[PDB]
Amino acid sequence: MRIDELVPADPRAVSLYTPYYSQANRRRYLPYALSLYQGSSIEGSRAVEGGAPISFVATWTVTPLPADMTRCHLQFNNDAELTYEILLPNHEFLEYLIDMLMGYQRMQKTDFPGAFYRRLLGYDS
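Structure representation (structure tokens):
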């Protein structure tokens, strides 16, 4: 229903992933983003400055090892011709999900970060 209404993951499981990432403000959103990660399916919106936000559908496969790579599937506007496949490490995928919670915290709206679409489009090659 809403990101602030998501229940956090257990501390025994979350504290195990903590030393594999930057130990700072990312620790705060780690329990909530790990819960979102375990969800494997989420609806999200991309915010465009000077435009209107676009609704996309995202699904992915999860694994317990942080060194494993996850394949995520994204569909924008529920169109089969706007299908995206993105594969990246679990360590890096959670940095995106944690950054999403930082955007959520500041504006109180569900918006995915621009850097996620930069890598989704492959602008960094």
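Everything in the sequence shown is counted per PDB author numbering, starting at 1 for the first residue and increasing by one.
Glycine included, C-beta positions come from ideal geometry on N, C-alpha and C.
Cα-Cα separation, residue i to residue j
i, j, result
"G103", "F76", "20 angstroms"
"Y32", "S45", "18 angstroms"
"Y123", "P113", "15 angstroms"
"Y117", "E5", "25 angstroms"
"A9", "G39", "11 angstroms"
"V57", "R71", "14 angstroms"
"residue 128", "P64", "The question about residue 128 has no answer here: the residues shown for the chain are numbered 1 through 125."
"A47", "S15", "32 angstroms"
"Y21", "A67", "11 angstroms"
"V7", "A115", "26 angstroms"
Where the beta strand (DSSP E) through residue i begins and ends
i, result
"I3", "No beta strand (DSSP E) holds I3; DSSP gives it neither H nor E."
"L87", "83-89"
Supposed close pair residue i, residue j - CB separation, criterion 8 angstroms
i, j, result
"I86", "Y29", "No, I86 and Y29 are not in contact; Cβ-Cβ is about 21 angstroms, not under 8 angstroms."
"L36", "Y17", "Actually they do not touch by this definition, with Cβ atoms about 13 angstroms apart."
6 angstroms CB neighbourhood of residue i in its chain, flanking five on each side removed
i, result
"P89", "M69"
"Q105", "none"
Own chain residues within Cβ distance below 7 angstroms of residue i, not counting five before or after
i, result
"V62", "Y37, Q38, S40, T70"
Entirely enclosed alpha helix (DSSP H) segments - the region 7-50, minimum 4 residues: Counting whole runs of 4 or more residues, the region 7-50 contains the alpha helix (DSSP H) stretches 11-17, 25-39.
Minimum length 4: unbroken alpha helix (DSSP H) runs contained in the region 95-121: Correct list: 114-121.
Those runs of the beta strand (DSSP E) which lie wholly inside the region 56-82 and span at least 3 residues: Those beta strand (DSSP E) runs which fall completely within the region 56-82 and span 3+ residues are 69-76.
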